[PDB]
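Start counting the first sequence at 3; every next residue gets the next number (the authors' numbering).
Down below is the structure, laid out as structure tokens.
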Amino acid sequence: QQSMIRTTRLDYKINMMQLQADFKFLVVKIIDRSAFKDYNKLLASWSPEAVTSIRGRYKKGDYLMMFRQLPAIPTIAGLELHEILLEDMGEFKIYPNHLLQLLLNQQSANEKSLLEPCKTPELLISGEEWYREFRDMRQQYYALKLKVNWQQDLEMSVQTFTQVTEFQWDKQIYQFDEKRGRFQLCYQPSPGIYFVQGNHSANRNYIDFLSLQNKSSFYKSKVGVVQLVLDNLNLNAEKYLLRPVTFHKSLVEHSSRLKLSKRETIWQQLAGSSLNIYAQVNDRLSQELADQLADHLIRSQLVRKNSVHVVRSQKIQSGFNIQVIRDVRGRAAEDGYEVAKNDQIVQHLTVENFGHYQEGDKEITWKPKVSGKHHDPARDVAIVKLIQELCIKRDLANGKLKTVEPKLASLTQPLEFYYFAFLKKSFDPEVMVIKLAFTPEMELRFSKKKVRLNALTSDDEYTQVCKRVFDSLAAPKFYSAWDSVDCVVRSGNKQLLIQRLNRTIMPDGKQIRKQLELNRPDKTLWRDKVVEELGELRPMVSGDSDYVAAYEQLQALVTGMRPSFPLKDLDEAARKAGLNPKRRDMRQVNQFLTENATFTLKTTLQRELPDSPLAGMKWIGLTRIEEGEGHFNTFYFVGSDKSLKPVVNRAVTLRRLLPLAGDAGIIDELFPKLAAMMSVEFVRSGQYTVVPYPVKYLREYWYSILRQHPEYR
DNA sequence: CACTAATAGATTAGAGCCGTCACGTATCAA
DNA sequence: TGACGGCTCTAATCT
DNA sequence: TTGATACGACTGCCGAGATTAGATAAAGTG
Ligand SMILES: [Mg+2]
């Protein structure tokens, strides 16, 4: 099969002539910063259809006004207002993307909506679900800001709004339009409750990416809200777009579905070794946690099966060493953090974060997650991660590569990985270029060199690689640019650049909406209509004995209930009759109903299917986005190996594969190796790692240097 | 008994967060 | 100092 | 006779109106 994935990039073509015929456009220059008040007064006076913000590095405008009927253009000092034509829209650097922004700004969150005029430059969507109150009854919504950037990528960033009682003439004031379910700018004092951007409370606000619990829950997520808005826009503004707004479709090239290992198989490296559990002296709170953890580890079957000796001493011994300390990083206190010596491997854990101690408790309350067939305390994710970090620190200190299996190490040896860190607190722009090389004996060969961006004419390998990365980066002046780049994998003269981006993977939201509509619980059904439909669909079943038997049982079950019923009644009747969706026969019936019937008891979303709408969120693959004409930009994604849970909190970002040196075949020949390195368990607990695993070694090695060189911290 | 007065945005850049490290159950291979 | 990694507020940059 | 691999993880209801007698109970001045 061929998997299809769609990113945040949009495909659309605005029907320019119809838009020009139905509207008049105005461009507002703002020269004087004090003239913002006059501009706000003008906006309060007028009533435009939509407003977007033209702003570029070569400024020829500051706002675009979409007017159904152009008003009398006035003359105000500090503003230049002049009606333009869409054929001359290139004169003010108005690309065919602020027009889609206007049409987006006219939209609404509600299903089956129309083009309602609006004056807010940005589309901020918030309902009643994304709302909470404080002890001062400060209403604090948080919306979902939608915006199409200069490269036609949709951004869905979360915007949080707080409540203010009185109008602020110097700050921006926002008012919640409850009917349209979206925030709006307030230019004049208005009845209602005012809002301002910001979130100063302790807890953050996260909007779920997508949820498959049901259609109602799906509509209150990033993907669901985006789908609602896109479908609305594709419907009400049918004339204005020659082609509908759809996310750009792309083909996966190198799909990798390597299964991970059980997280608790890391104790094999610890076989026939010792763990010296000890804590910070004269601190009872850490001592009891250390004692409890040591006792759990001793009694654990996995520890006792692998022949691992766990002892609770009072000081650091040779070999592995887990330390328990009070976190004194923030305020002033004695530093219980002990730095490891020559042959000692230390891995500290605090009490506040690891032991889950909030300020006030008299004693520890840490309880390892022992869920499973037989309860075992050496299987918790935190303990496994501690052991994995101990194994990695052992590799770093010993200089040998021994925690990566023996077959993956052979495939990784002939490749060299560079690491970059923009050296802050340096007058001259300087970057530290680390380089990890592997000897044929699987030995680490870290070797760095400080490189100045001004003096890039040197001919060493570090200077060459830094110069090549320097050219590719958009804004090398800042440090976030150098933070975006992960590593530069090198194979001889070939060099490949891995860089993080902001474009994420979007699932096929339309198909998810269509299926969840079929599986909608409160969907009323007609007994006669459903019976007739199932009778007509009977010939198409043609499966095995149990499948057809379950289909006939469901067909005969429908007649039992009342002439009309919600789908929940049918679902409960099937469940009581023994049609558990987990069964093999009922699953095929559910799939058949999803593909062909107007209803389905269970939806085949979490199932692994040849063409799933959840493509790109589950496996590792490589994509080739056009990004214009002939550049053939290459990207890849990393998804969760396990089956997706009903909710997915975070999207999956797209890294970039830019060949600094060599031809285009560098990607096609090195990507399988990178994917093989990315299928590891120690770097990321229970998941794939987005970047190759030697990036973890480089990051740990650089942190070790930072521990001794405050000049680079 | 008393107020008047009369008020940068927009867009990135980064520190630091949470939150996810999957679990109990039917089910085909070996 | 479980740690990775997306990403959210917020100080910074930029007129 | 058990060690895999693919998928389940279920939230309720949804106002108006009309009739009584019932110790109490502080601390003020423009
Ligand atoms: Mg660490």
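Where is the CB? At the ideal position from N, CA and C, for every residue including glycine.
Three-state secondary structure assigned by DSSP to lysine 31: strand
If you check the beta carbons only, do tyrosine 14 and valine 227 fall under 7 angstroms apart? no
In whole angstroms, give me the CA-to-CA distance for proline 541 and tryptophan 132. 47 angstroms
By the 10 Å Cβ neighbour count, where 16 or more other Cβ atoms means buried, how is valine 685 classified, buried or exposed? Buried, since its Cβ has 16 or more Cβ neighbours within 10 Å.
Pull up the CB-CB distance for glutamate 418 and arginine 454, whole angstroms please, since I reckon it's below 8 angstroms. So it is not a contact: roughly 22 angstroms between Cβ atoms.
Between the C-alpha atoms of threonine 267 and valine 682, what's the straight-line distance to the nearest angstrom? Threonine 267 and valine 682 have their C-alpha atoms some 12 angstroms from each other.
Go through its chain and collect everything with a Cβ distance to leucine 676's Cβ below 6 angstroms, but skip five positions before and after it. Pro694
For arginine 589, which residues in the same chain have their Cβ closer than 7 angstroms to its Cβ, ignoring the five residues on either side in sequence? Excluding five sequence positions before and after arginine 589, the CB atoms of its chain that fall closer than 7 angstroms to its own CB belong to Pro583, given in chain order.
For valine 649 and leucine 214, I'd like the C-alpha separation in whole angstroms. 6 angstroms
Within this structure, are the beta carbons of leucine 304 and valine 326 separated by less than 7 angstroms? Going by C-beta atoms, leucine 304 is not nearer than 7 angstroms to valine 326.
Run of the beta strand (DSSP E) containing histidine 250, from where it starts to where it stops: 243-253
Return the first residue and the last residue of the beta strand (DSSP E) that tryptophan 528 is part of. Note, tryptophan 528: beta strand (DSSP E), 526-528.
Looking only at C-alpha atoms, which of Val341, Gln109, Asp285 and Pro712 sits nearest to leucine 237? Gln109
Environment of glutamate 168 [buried if 16+ CB atoms lie within 10 Å]: exposed
Taking only three categories from DSSP, how would you classify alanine 575? helix
What are the uninterrupted segments assigned as beta strand (DSSP E) that are 3 or more residues long and contained completely in the region 40-119, given in chain order? 52-54, 66-69 and 81-86
Would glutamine 190 be called buried (16 or more neighbouring beta carbons within 10 Å of its own) or exposed? exposed
Along the beta strand (DSSP E) that carries residue 716, what are the first and last residues, could you check? The structure shown has nothing for residue 716, since the chain only spans 3 to 715.
If I measure Cβ to Cβ from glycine 194 and keep anything under 6 angstroms in the same chain, skipping five residues before and after, which residues do I get? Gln177
Inter-stretch contact (C-beta, 8 angstroms, three-pair minimum) for the region 264-281 and the region 316-332: yes
I believe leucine 83 touches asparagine 107 by the beta-carbon criterion, under 8 angstroms. Please report the beta-carbon distance rounded to the nearest angstrom. Not confirmed; about 20 angstroms, so no contact.
Residues sharing a beta bridge with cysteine 489, DSSP: Paired residue(s): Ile500.
So, using beta-carbon positions, are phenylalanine 25 and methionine 68 closer together than 7 angstroms? Yes, the pair counts as a contact, with Cβ atoms nearer than the cut-off.
Measuring CB to CB, does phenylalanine 94 end up less than 7 angstroms from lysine 114? Cβ distance not < 7 angstroms, so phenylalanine 94 and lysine 114 don't count as in contact.
When you compare the CB positions of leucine 102 and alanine 52, do they come within less than 7 angstroms of one another, or not? It is not a contact, given that the beta carbons lie outside the stated cut-off.
With three or more beta-carbon pairs closer than 8 angstroms as the criterion, would you say the region 527-534 touches the region 172-187? no
Use the C-beta contact count for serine 614: other C-beta atoms within 10 angstroms, 16 or more gives buried, fewer gives exposed. buried
For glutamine 608, I'd like the list of residues in its chain whose CB is within less than 7 angstroms of its CB, leaving aside the five on either flank, ordered along the chain. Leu214, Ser645 and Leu646
Straight-line gap, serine 159 to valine 310 (C-alpha atoms, nearest Å): The straight-line gap separating the alpha-carbon atoms of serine 159 and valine 310 is approximately 48 angstroms.
Could you tell me the alpha carbon to alpha carbon distance between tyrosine 705 and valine 383, rounded to whole angstroms? Rounded to the nearest angstrom, the two C-alpha atoms are 23 angstroms apart.
Just tell me which of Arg265, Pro98, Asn456 and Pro712 has its CA closest to the CA of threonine 54. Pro98
Which of helix, strand or coil does DSSP assign to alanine 145? strand
How many Å lie between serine 223 and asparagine 151 at the Cα? Rounded to the nearest angstrom, the two C-alpha atoms are 21 angstroms apart.
When DSSP builds the beta bridges, which residues end up paired with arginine 658? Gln501 and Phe637
Relative to the C-alpha of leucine 503, which candidate in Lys121, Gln346 and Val654 has its C-alpha closest? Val654
What residue range is occupied by the uninterrupted beta strand (DSSP E) comprising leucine 351? Its beta strand (DSSP E) spans residues 346-352.
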